[PDB]
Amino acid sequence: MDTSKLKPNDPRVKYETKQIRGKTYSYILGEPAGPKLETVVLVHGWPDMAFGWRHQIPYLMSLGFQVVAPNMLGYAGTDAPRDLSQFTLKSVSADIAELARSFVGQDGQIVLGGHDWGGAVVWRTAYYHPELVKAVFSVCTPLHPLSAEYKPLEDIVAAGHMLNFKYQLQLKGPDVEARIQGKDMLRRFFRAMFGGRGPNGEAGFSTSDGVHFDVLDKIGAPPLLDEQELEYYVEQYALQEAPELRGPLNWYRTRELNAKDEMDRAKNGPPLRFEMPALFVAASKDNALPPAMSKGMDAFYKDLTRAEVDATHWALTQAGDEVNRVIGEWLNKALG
């Protein structure tokens, strides 16, 4: 079994869709050699896609796992609904649950893994569907408590709080959606998002201000992608109807809707408590999600394993082999 990373359109896996809760969901499906131990569902974040797990998918396949990696709502081959209520963590968790059970049956269980917004999704999925989730891991994204209040993000950062999230103001607004349209702009956007820099070292993205439009034309080749991978991201994102980033950006437009769901659960529903085995992999050089942010996370878990890898936010790829080892060892203990 070839365990090297997936290449664009890699033939070792299948590219399928299913109807899931009223939406077409596209996904990568990888089969193990021999009888499957478990099914693992992997959930990417922004601005990534299923192919973001290209290091992990063949590795997990070779460990005996069936792997299902969806392009999440709004991304690539998957539908991007107009309604923002479809993009809430709760609605997407329910999508994941139905997708999972279309593979393991209604009584079955899965292993669940996430990164970035995907990490937020898998903690919520394990909270909303503990029947289904046998073990759960997140890379980079720590647990956040159930929202007890809603304040507009503008007011939070104007008071000097959550400053490392201020880029989300730009993302939820009109500017990125309007300006980043078509393959050529998408290409520049991805060189910026994956670490490319201009002739004078200017970054194409910051956690303070978001996408630096003036820089994009001058942004060079990202260290974190080769040319073919970069082109695959462009082509898959171009599957969306222009403005192509509407779907992906809708993930930043749900704070009020999410807060409404979670204030309800904070008051009426069960407490945030994970009984099943859980893993959090922190990334040392993570700008957007610094490890310090996972402060008192351990209190919510019966069985949390912490790990750390030296990488930026893009740890799945930049530190693929190390991330694979951490997951492999944890999964071995968690299942055995």
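Numbering starts at 1 and follows the sequence shown.
**Q** Going by the B-factors listed in the PDB entry, is the mean over the C-alpha atoms higher for 91 to 99 or for 224 to 232?
**A** Higher mean C-alpha B-factor in the PDB entry: 224 to 232.
**Q** Please compare 289 to 297 with 34 to 42 and say which has the higher mean C-alpha temperature factor in the record.
**A** Here the higher of the two C-alpha B-factor means belongs to 289 to 297.
**Q** Taking the Cα B-factors listed in the entry, which of 79, 177, 214, 155 comes out highest?
**A** Highest C-alpha B-factor among the listed residues goes to 214.
**Q** Which is it among 239, 257, 219, 132: the one with the largest CA B-factor in the entry?
**A** That would be 219.
**Q** For residue 58, does the deposited CA B-factor place it in the lowest, middle or highest third of the chain?
**A** For residue 58, the deposited C-alpha B-factor lands in the middle third.
**Q** Considering every modelled residue of the chain and its Cα B-factor in the PDB entry, is residue 170 in the lowest, middle or highest third?
**A** It belongs to the lowest third of the chain when residues are ordered by C-alpha B-factor.
**Q** Sorting by Cα B-factor within the chain, modelled residues only, which third would residue 261 end up in: lowest, middle or highest?
**A** Middle third, going by the recorded CA B-factors of the chain.
**Q** Would you mind ranking residue 315 by its C-alpha B-factor against the rest of the chain and naming the third, lowest, middle or highest?
**A** As the PDB entry reports it, the C-alpha B-factor of residue 315 lands in the middle third of its chain.
**Q** Among the modelled residues of this chain, does the Cα B factor of residue 13 put it in the lowest, middle or highest third?
**A** Its C-alpha B-factor belongs to the middle third of this chain's values.
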